[PDB]
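A.B. asks: Hey, dropping work10.cif in here, mmCIF, C-alpha atoms; chains and numbers go by the auth columns:
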```cif
data_model
#
loop_
_atom_site.group_PDB
_atom_site.id
_atom_site.type_symbol
_atom_site.label_atom_id
_atom_site.label_comp_id
_atom_site.label_asym_id
_atom_site.label_seq_id
_atom_site.Cartn_x
_atom_site.Cartn_y
_atom_site.Cartn_z
_atom_site.B_iso_or_equiv
_atom_site.auth_seq_id
_atom_site.auth_asym_id
ATOM 1 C CA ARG A 1 -7.024 -47.862 17.300 0.00 446 A
ATOM 2 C CA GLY A 2 -3.836 -49.801 18.136 0.00 447 A
ATOM 3 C CA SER A 3 -2.682 -50.145 14.525 0.00 448 A
ATOM 4 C CA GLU A 4 -3.015 -46.409 13.790 0.00 449 A
ATOM 5 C CA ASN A 5 -0.999 -45.554 16.887 0.00 450 A
ATOM 6 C CA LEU A 6 1.824 -47.996 16.213 0.00 451 A
ATOM 7 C CA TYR A 7 2.084 -46.681 12.619 0.00 452 A
ATOM 8 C CA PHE A 8 2.024 -43.126 13.962 0.00 453 A
ATOM 9 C CA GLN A 9 4.891 -43.942 16.324 0.00 454 A
ATOM 10 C CA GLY A 10 6.955 -44.953 13.282 0.00 455 A
ATOM 11 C CA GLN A 11 6.108 -41.593 11.730 0.00 456 A
ATOM 12 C CA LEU A 12 7.254 -39.764 14.880 0.00 457 A
ATOM 13 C CA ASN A 13 10.538 -41.660 14.828 0.00 458 A
ATOM 14 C CA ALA A 14 11.069 -40.517 11.224 0.00 459 A
ATOM 15 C CA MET A 15 10.184 -36.946 12.168 0.00 460 A
ATOM 16 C CA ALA A 16 12.710 -37.108 14.999 0.00 461 A
ATOM 17 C CA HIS A 17 15.384 -38.292 12.559 0.00 462 A
ATOM 18 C CA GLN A 18 14.641 -35.351 10.272 0.00 463 A
ATOM 19 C CA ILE A 19 14.908 -32.882 13.153 0.00 464 A
ATOM 20 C CA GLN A 20 18.134 -34.479 14.404 0.00 465 A
ATOM 21 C CA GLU A 21 19.661 -33.960 10.936 0.00 466 A
ATOM 22 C CA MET A 22 19.162 -30.218 11.497 0.00 467 A
ATOM 23 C CA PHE A 23 20.052 -30.227 15.199 0.00 468 A
ATOM 24 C CA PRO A 24 22.705 -32.899 15.811 0.00 469 A
ATOM 25 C CA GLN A 25 23.588 -31.285 19.165 0.00 470 A
ATOM 26 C CA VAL A 26 20.098 -32.011 20.576 0.00 471 A
ATOM 27 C CA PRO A 27 19.562 -35.490 22.097 0.00 472 A
ATOM 28 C CA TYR A 28 17.340 -37.749 19.983 0.00 473 A
ATOM 29 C CA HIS A 29 15.267 -38.853 22.999 0.00 474 A
ATOM 30 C CA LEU A 30 14.391 -35.239 23.887 0.00 475 A
ATOM 31 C CA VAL A 31 13.336 -34.511 20.295 0.00 476 A
ATOM 32 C CA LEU A 32 11.133 -37.615 20.165 0.00 477 A
ATOM 33 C CA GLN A 33 9.675 -36.909 23.619 0.00 478 A
ATOM 34 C CA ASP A 34 8.739 -33.391 22.534 0.00 479 A
ATOM 35 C CA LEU A 35 7.202 -34.760 19.337 0.00 480 A
ATOM 36 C CA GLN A 36 4.878 -36.961 21.419 0.00 481 A
ATOM 37 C CA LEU A 37 3.311 -33.738 22.719 0.00 482 A
ATOM 38 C CA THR A 38 3.520 -31.534 19.606 0.00 483 A
ATOM 39 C CA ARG A 39 3.078 -34.152 16.865 0.00 484 A
ATOM 40 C CA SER A 40 4.678 -31.490 14.658 0.00 485 A
ATOM 41 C CA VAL A 41 8.131 -30.929 13.162 0.00 486 A
ATOM 42 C CA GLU A 42 7.358 -27.191 12.995 0.00 487 A
ATOM 43 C CA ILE A 43 6.330 -26.872 16.649 0.00 488 A
ATOM 44 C CA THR A 44 9.199 -28.990 17.972 0.00 489 A
ATOM 45 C CA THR A 45 11.617 -26.959 15.832 0.00 490 A
ATOM 46 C CA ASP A 46 10.129 -23.763 17.370 0.00 491 A
ATOM 47 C CA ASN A 47 10.733 -25.312 20.791 0.00 492 A
ATOM 48 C CA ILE A 48 14.384 -26.110 20.013 0.00 493 A
ATOM 49 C CA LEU A 49 15.046 -22.621 18.631 0.00 494 A
ATOM 50 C CA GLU A 50 13.383 -20.989 21.638 0.00 495 A
ATOM 51 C CA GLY A 51 15.630 -22.962 24.021 0.00 496 A
ATOM 52 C CA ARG A 52 12.693 -24.937 25.480 0.00 497 A
ATOM 53 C CA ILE A 53 14.058 -28.443 24.902 0.00 498 A
#
```
In structure tokens, what does this structure look like?

C.D. replies:
Amino acid sequence: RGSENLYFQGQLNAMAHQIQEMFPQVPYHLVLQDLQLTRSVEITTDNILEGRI
């Protein structure tokens, strides 16, 4: 289980970088924190555009 999760955390970091490219005014840590819950670029992007993060 541990291996899959550590790899997944690397994937989330990458996803946060891709979102930050689009939204440089949004703090990286808030994007990554939201991604922990959503596990989804699309959902976290919805959240940013809705003013939720």

A.B. asks: Which residues are near residue 485 of chain A? Cut-off 12 Å, only C-alpha atoms, ignore same chain within fewer than 6 positions. Put them as number ranges by chain.

C.D. replies: A: 453, 456-461, 463-464, 476-479, 491-492

A.B. asks: When you draw a straight line from atom CA of residue 488 of chain A to atom CA of residue 446 of chain A, how long is it in Å?

C.D. replies: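 Atom CA of residue 446 of chain A lies at a distance of 24.9 Å from atom CA of residue 488 of chain A.
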
A.B. asks: Would you translate the PyMOL selection byres ((chain A and resi 498) around 9) into the concrete set of residues it matches in this file, as a VMD selection string?

C.D. replies: chain A and resid 471 475 to 476 479 489 492 to 497

A.B. asks: So the first atom is atom CA of residue 465 of chain A and the second is atom CA of residue 447 of chain A; what is the distance between them in Å, to one decimal place?

C.D. replies: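 Separating atom CA of residue 465 of chain A from atom CA of residue 447 of chain A is a distance of 27.0 Å.
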
A.B. asks: Kindly give the distance, in Å, that separates atom CA of residue 472 of chain A and atom CA of residue 452 of chain A, rounded to a single decimal.

C.D. replies: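 These atoms are spaced 22.8 Å apart.
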